[PDB]
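One structure below.
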Amino acid sequence: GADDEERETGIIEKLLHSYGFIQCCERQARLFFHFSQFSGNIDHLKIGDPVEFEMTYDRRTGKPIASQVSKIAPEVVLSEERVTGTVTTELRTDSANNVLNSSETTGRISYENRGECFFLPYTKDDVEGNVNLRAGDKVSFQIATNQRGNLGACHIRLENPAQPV
């Protein structure tokens, strides 16, 4: 996919009435968004709140607009349980020019917990911190349960590394 999609993140710096500003802090774009382009509780939107929005060119009116603007992790609960897993399979990125471009590759994390033992598919684009984990080290990931009941591995970062000295 990815033929036409721009998932961009921003911070609400100042709320106006029926109008607002998205800050370029995490993305090189300052977009003004209207309250009709916001999905969720506007009364649960605050100054300093980070949101994810889709940047698209509306060919209808001929103006650049934002999509429904999704609050980052609204109904998605981190299960209130932080777990750690052992990397059992890596994914090939981090080339001499491109990285994370190949989203058709995924590794595996094995975590043994709650009597359950199974491998979770993970990609590098969800790996926060921009680290380079390697199979055999120990990483931490937050199991964020979406309202659909379907989830995977998210917030994957390298906490306790295994470096061959």
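Each chain of the structure tokens is named A, B, ... in the order shown, its residues numbered from 1; ligands are numbered from 1 in display order.
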
Practice task
Using DSSP on the backbone coordinates, identify the residues of chain A assigned to strand (DSSP E); present them as an NGL selection string.
Solution key: :A and (7-16 or 19-23 or 31-33 or 49-58 or 63-66 or 70-71 or 82-89 or 107-113 or 116-122 or 138-142 or 154-160)

Handout entry: Near-residue A:22 list (12 Å; only C-alpha atoms; drop same-chain fewer than 5 positions) as a count of residues only
Key = 28

Exercise for the section: Could you give me, as number ranges by chain, the residues within 6 Å of stretch 123-127 of chain A, counting only C-alpha atoms and dropping anything in the same chain fewer than 4 positions from it? Expected result: A: 106, 156-157

Handout entry: Surrounding residues of stretch 109-114 of chain A excluding itself and chain neighbours under 3 positions, 7 Å, only C-alpha atoms, as a list in words
Key =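 Surrounding residues, per the criterion: residues 84, 85, 86, 87, 88, 89, 117, 118, 119, 120 and 121 of chain A.
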
Once you have the residues from the selection above, write them out as a PDB file, in the first residue's frame, restricted to N, CA and C atoms.
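Printed below is part.pdb as written:
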```
ATOM      1  N   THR A  84       8.480  -7.798  28.962  1.00  0.00           N
ATOM      2  CA  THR A  84       9.729  -7.851  28.234  1.00  0.00           C
ATOM      3  C   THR A  84       9.799  -9.136  27.425  1.00  0.00           C
ATOM      4  N   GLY A  85      10.461  -9.083  26.286  1.00  0.00           N
ATOM      5  CA  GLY A  85      10.539 -10.248  25.437  1.00  0.00           C
ATOM      6  C   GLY A  85      11.917 -10.444  24.856  1.00  0.00           C
ATOM      7  N   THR A  86      12.181 -11.655  24.402  1.00  0.00           N
ATOM      8  CA  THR A  86      13.454 -11.984  23.797  1.00  0.00           C
ATOM      9  C   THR A  86      13.300 -12.023  22.281  1.00  0.00           C
ATOM     10  N   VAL A  87      14.127 -11.261  21.577  1.00  0.00           N
ATOM     11  CA  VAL A  87      14.083 -11.242  20.120  1.00  0.00           C
ATOM     12  C   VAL A  87      14.548 -12.578  19.564  1.00  0.00           C
ATOM     13  N   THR A  88      13.732 -13.183  18.721  1.00  0.00           N
ATOM     14  CA  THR A  88      14.074 -14.464  18.146  1.00  0.00           C
ATOM     15  C   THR A  88      14.297 -14.369  16.639  1.00  0.00           C
ATOM     16  N   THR A  89      13.828 -13.290  16.030  1.00  0.00           N
ATOM     17  CA  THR A  89      14.006 -13.090  14.599  1.00  0.00           C
ATOM     18  C   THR A  89      14.059 -11.599  14.268  1.00  0.00           C
ATOM     19  N   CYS A 117       3.091 -18.559  25.760  1.00  0.00           N
ATOM     20  CA  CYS A 117       4.364 -18.502  25.068  1.00  0.00           C
ATOM     21  C   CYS A 117       4.139 -18.530  23.559  1.00  0.00           C
ATOM     22  N   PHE A 118       4.322 -17.389  22.916  1.00  0.00           N
ATOM     23  CA  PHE A 118       4.128 -17.289  21.478  1.00  0.00           C
ATOM     24  C   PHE A 118       4.935 -16.132  20.910  1.00  0.00           C
ATOM     25  N   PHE A 119       5.135 -16.161  19.602  1.00  0.00           N
ATOM     26  CA  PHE A 119       5.955 -15.169  18.924  1.00  0.00           C
ATOM     27  C   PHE A 119       5.089 -14.049  18.369  1.00  0.00           C
ATOM     28  N   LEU A 120       5.508 -12.814  18.593  1.00  0.00           N
ATOM     29  CA  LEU A 120       4.787 -11.664  18.065  1.00  0.00           C
ATOM     30  C   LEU A 120       5.543 -11.046  16.900  1.00  0.00           C
ATOM     31  N   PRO A 121       4.852 -10.796  15.776  1.00  0.00           N
ATOM     32  CA  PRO A 121       5.433 -10.091  14.634  1.00  0.00           C
ATOM     33  C   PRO A 121       5.668  -8.622  14.955  1.00  0.00           C
TER      34      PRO A 121
END
```

Problem - atom CA of residue A:19 to atom CA of residue A:68, straight-line distance in Å - result: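 Atom-to-atom, atom CA of residue A:68 to atom CA of residue A:19, that is 13.8 Å.
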
Exercise for the section: Measuring atom to atom with only C-alpha atoms, identify which of A:151, A:96, A:45, A:133 is nearest to residue A:74. Expected result: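 Closest to residue A:74 of all the choices is A:45.
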
Practice task
Tell me which protein, DNA and RNA residues are within 12 Å of residue A:101, counting only C-alpha atoms, leaving out same-chain ones fewer than 2 positions away, and put them as a count of residues only.
Solution key: 16

Handout entry: Which of A:144, A:165, A:153, A:42 sits closest to residue A:73 [using only C-alpha atoms]
Key =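 Closest to residue A:73 of all the choices is A:144.
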
Exercise for the section: Tell me, as a PyMOL selection string, which residues lie within 12 Å of stretch 145-147 of chain A, counting only C-alpha atoms; anything in the same chain fewer than 6 positions away does not count. Expected result: chain A and resi 72-81+153-154
